[PDB]
>>> print(open('query04.pdb').read())   # PDB, C-alpha atoms (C1' of nucleotides)
ATOM      1  CA  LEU A 195       6.912   4.343  18.920
ATOM      2  CA  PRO A 196       8.514   6.246  21.840
ATOM      3  CA  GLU A 197       6.762   8.930  23.902
ATOM      4  CA  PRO A 198       6.398  12.481  22.501
ATOM      5  CA  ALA A 199       9.104  15.141  22.909
ATOM      6  CA  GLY A 200       8.890  18.814  23.927
ATOM      7  CA  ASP A 201       7.896  20.376  20.580
ATOM      8  CA  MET A 202       6.839  19.582  16.995
ATOM      9  CA  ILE A 203       9.649  19.121  14.455
ATOM     10  CA  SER A 204       9.664  19.340  10.646
ATOM     11  CA  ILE A 205      12.213  18.055   8.112
ATOM     12  CA  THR A 206      12.545  16.669   4.562
ATOM     13  CA  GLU A 207      14.879  14.439   2.520
ATOM     14  CA  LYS A 208      15.919  14.895  -1.117
ATOM     15  CA  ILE A 209      16.720  11.748  -3.097
ATOM     16  CA  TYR A 210      17.306  11.727  -6.852
ATOM     17  CA  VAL A 211      15.918   8.987  -9.104
ATOM     18  CA  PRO A 212      18.536   6.464 -10.389
ATOM     19  CA  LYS A 213      17.113   6.935 -13.924
ATOM     20  CA  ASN A 214      20.715   7.000 -15.228
ATOM     21  CA  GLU A 215      20.449   3.184 -15.028
ATOM     22  CA  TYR A 216      16.814   3.039 -16.195
ATOM     23  CA  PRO A 217      16.756   5.706 -18.973
ATOM     24  CA  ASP A 218      13.702   3.982 -20.522
ATOM     25  CA  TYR A 219      11.622   3.884 -17.308
ATOM     26  CA  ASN A 220       8.900   6.248 -16.019
ATOM     27  CA  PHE A 221       9.222   6.604 -12.234
ATOM     28  CA  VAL A 222       6.704   9.474 -12.046
ATOM     29  CA  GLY A 223       3.999   7.046 -13.199
ATOM     30  CA  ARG A 224       5.225   4.234 -10.918
ATOM     31  CA  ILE A 225       5.321   6.292  -7.698
ATOM     32  CA  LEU A 226       2.105   8.282  -8.319
ATOM     33  CA  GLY A 227       0.130   5.435  -9.943
ATOM     34  CA  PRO A 228      -3.239   5.777 -11.726
ATOM     35  CA  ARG A 229      -4.988   9.103 -11.003
ATOM     36  CA  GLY A 230      -2.310   9.662  -8.326
ATOM     37  CA  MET A 231      -3.906   6.951  -6.144
ATOM     38  CA  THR A 232      -0.528   5.373  -5.264
ATOM     39  CA  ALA A 233       0.787   8.763  -4.090
ATOM     40  CA  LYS A 234      -2.156   9.066  -1.665
ATOM     41  CA  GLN A 235      -1.731   5.516  -0.332
ATOM     42  CA  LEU A 236       1.972   6.107   0.392
ATOM     43  CA  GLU A 237       1.507   9.442   2.212
ATOM     44  CA  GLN A 238      -1.234   8.097   4.515
ATOM     45  CA  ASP A 239       0.593   4.839   5.320
ATOM     46  CA  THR A 240       3.947   6.473   6.155
ATOM     47  CA  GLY A 241       2.371   9.695   7.449
ATOM     48  CA  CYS A 242       4.965  11.592   5.355
ATOM     49  CA  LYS A 243       4.246  13.913   2.414
ATOM     50  CA  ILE A 244       5.207  12.760  -1.098
ATOM     51  CA  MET A 245       6.715  15.016  -3.784
ATOM     52  CA  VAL A 246       8.072  13.980  -7.192
ATOM     53  CA  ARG A 247       9.138  15.973 -10.290
ATOM     54  CA  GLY A 248      11.834  16.427 -12.950
ATOM     55  CA  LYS A 249      12.287  16.737 -16.729
ATOM     56  CA  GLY A 250       9.317  14.320 -16.876
ATOM     57  CA  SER A 251       6.988  17.244 -16.013
ATOM     58  CA  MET A 252       7.883  19.047 -19.287
ATOM     59  CA  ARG A 253       5.163  20.441 -21.592
ATOM     60  CA  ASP A 254       6.914  19.720 -24.919
ATOM     61  CA  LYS A 255       3.621  18.065 -25.997
ATOM     62  CA  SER A 256       2.680  21.560 -27.323
ATOM     63  CA  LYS A 257      -0.983  20.920 -26.344
ATOM     64  CA  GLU A 258      -0.518  19.149 -23.002
ATOM     65  CA  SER A 259       1.422  19.557 -19.730
ATOM     66  CA  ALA A 260       0.614  16.233 -17.992
ATOM     67  CA  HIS A 261       1.118  17.996 -14.610
ATOM     68  CA  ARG A 262      -2.379  19.489 -14.058
ATOM     69  CA  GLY A 263      -2.382  23.218 -14.881
ATOM     70  CA  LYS A 264       0.419  25.617 -13.895
ATOM     71  CA  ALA A 265       3.182  24.661 -11.443
ATOM     72  CA  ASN A 266       5.909  26.200  -9.242
ATOM     73  CA  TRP A 267       8.942  23.955  -9.935
ATOM     74  CA  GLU A 268      10.799  26.905 -11.536
ATOM     75  CA  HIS A 269      11.894  26.245 -15.154
ATOM     76  CA  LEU A 270      11.867  22.465 -14.520
ATOM     77  CA  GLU A 271      15.644  22.527 -15.141
ATOM     78  CA  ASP A 272      16.029  19.707 -12.570
ATOM     79  CA  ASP A 273      16.192  15.947 -13.280
ATOM     80  CA  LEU A 274      13.813  13.270 -11.947
ATOM     81  CA  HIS A 275      13.928  13.436  -8.151
ATOM     82  CA  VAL A 276      11.972  12.456  -5.049
ATOM     83  CA  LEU A 277      11.323  14.461  -1.868
ATOM     84  CA  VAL A 278       9.794  13.253   1.421
ATOM     85  CA  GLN A 279       8.620  15.622   4.148
ATOM     86  CA  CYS A 280       7.839  14.586   7.736
ATOM     87  CA  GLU A 281       6.672  16.320  10.914
ATOM     88  CA  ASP A 282       6.513  14.879  14.447
ATOM     89  CA  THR A 283       8.345  15.164  17.790
ATOM     90  CA  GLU A 284      12.126  14.765  18.061
ATOM     91  CA  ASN A 285      11.392  11.117  18.960
ATOM     92  CA  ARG A 286       9.069  10.140  16.069
ATOM     93  CA  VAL A 287       9.845  12.465  13.131
ATOM     94  CA  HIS A 288      12.869  10.317  12.215
ATOM     95  CA  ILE A 289      11.184   6.893  12.426
ATOM     96  CA  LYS A 290       8.411   7.930  10.015
ATOM     97  CA  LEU A 291      10.887   9.726   7.720
ATOM     98  CA  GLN A 292      13.133   6.663   7.420
ATOM     99  CA  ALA A 293      10.107   4.421   6.800
ATOM    100  CA  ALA A 294       8.703   6.734   4.110
ATOM    101  CA  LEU A 295      11.980   6.874   2.180
ATOM    102  CA  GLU A 296      12.148   3.064   2.422
ATOM    103  CA  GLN A 297       9.002   2.835   0.273
ATOM    104  CA  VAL A 298      10.287   5.239  -2.361
ATOM    105  CA  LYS A 299      13.665   3.535  -2.901
ATOM    106  CA  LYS A 300      12.037   0.135  -3.489
ATOM    107  CA  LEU A 301      10.017   1.929  -6.205
ATOM    108  CA  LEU A 302      13.232   3.357  -7.763
ATOM    109  CA  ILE A 303      14.397  -0.230  -8.430
ATOM    110  CA  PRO A 304      11.790  -1.591 -10.910
ATOM    111  CA  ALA A 305      12.295  -4.592 -13.220
ATOM    112  CA  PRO A 306      12.255  -5.116 -17.025
ATOM    113  CA  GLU A 307       8.980  -5.439 -18.940
ATOM    114  CA  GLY A 308       7.008  -8.670 -18.463
ATOM    115  CA  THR A 309       8.737  -9.123 -15.061
ATOM    116  CA  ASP A 310       7.255  -6.171 -13.127
ATOM    117  CA  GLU A 311       3.556  -6.933 -12.657
ATOM    118  CA  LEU A 312       3.322  -4.133 -10.068
ATOM    119  CA  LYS A 313       3.078  -1.602 -12.924
ATOM    120  CA  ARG A 314       1.210  -3.754 -15.480
ATOM    121  CA  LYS A 315      -1.690  -4.149 -13.024
ATOM    122  CA  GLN A 316      -1.812  -0.362 -12.520
ATOM    123  CA  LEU A 317      -2.165   0.104 -16.290
ATOM    124  CA  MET A 318      -5.162  -2.228 -16.508
ATOM    125  CA  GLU A 319      -7.109  -0.165 -13.950
ATOM    126  CA  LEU A 320      -5.876   3.086 -15.537
ATOM    127  CA  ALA A 321      -7.505   1.754 -18.705
ATOM    128  CA  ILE A 322     -10.844   1.115 -16.924
ATOM    129  CA  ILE A 323     -10.675   4.648 -15.503
ATOM    130  CA  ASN A 324     -10.338   6.257 -18.958
ATOM    131  CA  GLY A 325     -12.363   3.546 -20.740
ATOM    132  CA  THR A 326      -9.555   2.655 -23.206
ATOM    133  CA  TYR A 327      -8.927  -0.893 -21.924
ATOM    134  CA  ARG A 328      -8.461  -3.772 -24.378
ATOM    135  CA  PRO A 329      -9.168  -7.523 -23.971
ATOM    136  CA  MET A 330      -6.286  -8.338 -26.371
ATOM    137  CA  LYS A 331      -6.462 -11.232 -28.869
ATOM    138  CA  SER A 332      -4.671 -14.514 -29.655
ATOM    139  CA  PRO A 333      -4.308 -16.880 -32.654
ATOM    140  CA  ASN A 334      -6.269 -20.158 -32.916
ATOM    141  CA  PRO A 335      -9.033 -18.935 -30.533
ATOM    142  CA  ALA A 336     -11.775 -21.155 -29.044
TER     143      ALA A 336
ATOM    144  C1'   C B   1      -3.995  -7.795 -21.464
ATOM    145  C1'   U B   2       2.739  -3.489 -19.700
ATOM    146  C1'   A B   3      -3.380   0.904 -21.658
ATOM    147  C1'   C B   4       2.847   4.210 -19.336
ATOM    148  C1'   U B   5       0.049   6.319 -14.853
ATOM    149  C1'   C B   6       0.856  13.098 -12.122
ATOM    150  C1'   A B   7      -0.236  12.971  -6.888
ATOM    151  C1'   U B   8       1.932  16.824  -3.633
ATOM    152  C1'   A B   9       4.807  21.079  -2.788
ATOM    153  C1'   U B  10       9.156  25.581  -0.840
TER     154        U B  10
END
>>> encode(input="query04.pdb", output="structure tokens")
Amino acid sequence: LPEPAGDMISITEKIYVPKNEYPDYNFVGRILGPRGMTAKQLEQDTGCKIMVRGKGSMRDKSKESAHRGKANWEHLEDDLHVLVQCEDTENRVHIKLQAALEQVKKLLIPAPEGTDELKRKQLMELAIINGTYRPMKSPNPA
RNA sequence: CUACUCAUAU
């Protein structure tokens, strides 16, 4: 990285999810991961702040909101999107911003089921965390 | 064994 500039800068980028090509995919679960752990690993590695929401944050479950209590995203009238905030000097705020949005885009391009182990391995640990895991079964055992 | 993941935030 280059040397610091004269003052601290702050900026953010807004990038919508390409879910119009993956209408059966759940990006909010892929970017945040189990218990939000993947959201915390991304924001510490890129040094940028992660933000994700859309019509996936709806509370149509009538007994559930899946977004932890109340929120401030207005009437959630917006589609699935990603936001990435960064703050540094005029010489480093851009390098970290561009690197952070590089990680999100590669997560907006997942693969079909049985070909994307990066989300199947998150679901195994999610199932140890809530205690609902299953060992599965197969015919003609032993 | 692909358990569907909810972390942040004007």
>>> resolve_selection(input="query04.pdb", expression="the PyMOL selection byres ((chain A) within 6 of (chain B))", output="mmCIF file with C-alpha atoms, keeping the file's coordinate frame")
data_model
loop_
_atom_site.group_PDB
_atom_site.id
_atom_site.type_symbol
_atom_site.label_atom_id
_atom_site.label_comp_id
_atom_site.auth_asym_id
_atom_site.auth_seq_id
_atom_site.Cartn_x
_atom_site.Cartn_y
_atom_site.Cartn_z
ATOM 1 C CA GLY A 223 3.999 7.046 -13.199
ATOM 2 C CA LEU A 226 2.105 8.282 -8.319
ATOM 3 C CA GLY A 227 0.130 5.435 -9.943
ATOM 4 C CA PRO A 228 -3.239 5.777 -11.726
ATOM 5 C CA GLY A 230 -2.310 9.662 -8.326
ATOM 6 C CA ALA A 233 0.787 8.763 -4.090
ATOM 7 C CA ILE A 244 5.207 12.760 -1.098
ATOM 8 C CA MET A 245 6.715 15.016 -3.784
ATOM 9 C CA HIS A 261 1.118 17.996 -14.610
ATOM 10 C CA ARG A 314 1.210 -3.754 -15.480
ATOM 11 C CA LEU A 317 -2.165 0.104 -16.290
ATOM 12 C CA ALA A 321 -7.505 1.754 -18.705
ATOM 13 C CA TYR A 327 -8.927 -0.893 -21.924
ATOM 14 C CA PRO A 329 -9.168 -7.523 -23.971
ATOM 15 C CA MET A 330 -6.286 -8.338 -26.371
#
>>> residues_around(input="query04.pdb", residues="range 205-208 of chain A", least_positions_apart="5", cutoff="8 Å", atoms="all atoms listed in the file", output="ChimeraX atom specification")
/A:275-281,287,291
>>> closest_residue(input="query04.pdb", among="A:209, A:200, A:288, A:218", to="residue 304 in chain A", atoms="all atoms listed in the file")
A:218
>>> atom_distance(input="query04.pdb", atom1="CA of residue 294 in chain A", atom2="CA of residue 214 in chain A")
22.8 Å
>>> atom_distance(input="query04.pdb", atom1="CA of residue 286 in chain A", atom2="CA of residue 235 in chain A")
20.2 Å
>>> axis_aligned_box(input="query04.pdb", around="range 268-271 of chain A", padding_each_side="8 Å", output="lines of an AutoDock Vina configuration file")
center_x = 13.2
center_y = 24.7
center_z = -13.3
size_x = 20.8
size_y = 20.4
size_z = 19.6
>>> atom_distance(input="query04.pdb", atom1="CA of residue 255 in chain A", atom2="CA of residue 325 in chain A")
22.2 Å
>>> closest_residue(input="query04.pdb", among="A:312, A:298, A:323, A:289", to="residue 246 in chain A", atoms="only C-alpha atoms")
A:298
>>> closest_residue(input="query04.pdb", among="A:215, A:258, A:311, A:237", to="residue 295 in chain A", atoms="all atoms listed in the file")
A:237
>>> resolve_selection(input="query04.pdb", expression="the PyMOL selection byres ((chain A and resi 252) around 12)", output="PDB file with C-alpha atoms (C1' of nucleotides), in the frame of the given file")
ATOM      1  CA  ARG A 247       9.138  15.973 -10.290  1.00  0.00           C
ATOM      2  CA  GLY A 248      11.834  16.427 -12.950  1.00  0.00           C
ATOM      3  CA  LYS A 249      12.287  16.737 -16.729  1.00  0.00           C
ATOM      4  CA  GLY A 250       9.317  14.320 -16.876  1.00  0.00           C
ATOM      5  CA  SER A 251       6.988  17.244 -16.013  1.00  0.00           C
ATOM      6  CA  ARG A 253       5.163  20.441 -21.592  1.00  0.00           C
ATOM      7  CA  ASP A 254       6.914  19.720 -24.919  1.00  0.00           C
ATOM      8  CA  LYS A 255       3.621  18.065 -25.997  1.00  0.00           C
ATOM      9  CA  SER A 256       2.680  21.560 -27.323  1.00  0.00           C
ATOM     10  CA  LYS A 257      -0.983  20.920 -26.344  1.00  0.00           C
ATOM     11  CA  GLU A 258      -0.518  19.149 -23.002  1.00  0.00           C
ATOM     12  CA  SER A 259       1.422  19.557 -19.730  1.00  0.00           C
ATOM     13  CA  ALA A 260       0.614  16.233 -17.992  1.00  0.00           C
ATOM     14  CA  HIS A 261       1.118  17.996 -14.610  1.00  0.00           C
ATOM     15  CA  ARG A 262      -2.379  19.489 -14.058  1.00  0.00           C
ATOM     16  CA  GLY A 263      -2.382  23.218 -14.881  1.00  0.00           C
ATOM     17  CA  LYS A 264       0.419  25.617 -13.895  1.00  0.00           C
ATOM     18  CA  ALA A 265       3.182  24.661 -11.443  1.00  0.00           C
ATOM     19  CA  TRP A 267       8.942  23.955  -9.935  1.00  0.00           C
ATOM     20  CA  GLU A 268      10.799  26.905 -11.536  1.00  0.00           C
ATOM     21  CA  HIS A 269      11.894  26.245 -15.154  1.00  0.00           C
ATOM     22  CA  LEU A 270      11.867  22.465 -14.520  1.00  0.00           C
ATOM     23  CA  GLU A 271      15.644  22.527 -15.141  1.00  0.00           C
ATOM     24  CA  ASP A 272      16.029  19.707 -12.570  1.00  0.00           C
ATOM     25  CA  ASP A 273      16.192  15.947 -13.280  1.00  0.00           C
ATOM     26  CA  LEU A 274      13.813  13.270 -11.947  1.00  0.00           C
TER      27      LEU A 274
ATOM     28  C1'   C B   6       0.856  13.098 -12.122  1.00  0.00           C
TER      29        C B   6
END
